[PDB]
Amino acid sequence: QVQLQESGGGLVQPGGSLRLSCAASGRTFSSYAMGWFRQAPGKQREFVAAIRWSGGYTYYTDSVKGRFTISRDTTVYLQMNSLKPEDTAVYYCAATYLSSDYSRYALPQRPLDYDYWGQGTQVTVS
């Protein structure tokens, strides 16, 4: 099990850039994955990006591909470039230990596929 804490939240102006961080406390192995989800006003919690801690497989939702980069250092980062007002949302860090039979180069995208969650942090592009 891991405990998760986001940082880097806050305001940024349109056309700027912002980096979120999430520090994981606990054992970060055995098909361990981390992800970012976000929830905009009036919307569901949506998948943003995820990463496999071993091997480095990543996947991005279509609307952020090429603009956002997810990476490792203990800590996962979401580097957010060319920010638009529509990127405004509460961003949540998530993590999970995938089942033993999982492909080593695969990631789930549904919120309930991730067992561990941060409290979320507001990002406002305005």
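Neighbour counts run over all protein chains shown; Cβ positions are idealised from the backbone, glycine included. Bear in mind these aren't lab numbers, they're just calculated from the coordinates by the rules spelled out.
For the reader, a short list of remarks on this structure follows.
- Gained length - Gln3 relative to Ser25, 0.36 nm times residue gap less alpha-carbon distance: 7.4 nm
- A crude spin-label estimate for the pair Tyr57 and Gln39, with each label 7 Å from Cα along the Cβ direction, gives 2.8 nm.
- Ordering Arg104, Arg52 from the fewest to the most neighbouring beta carbons within 10 Å gives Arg104, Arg52.
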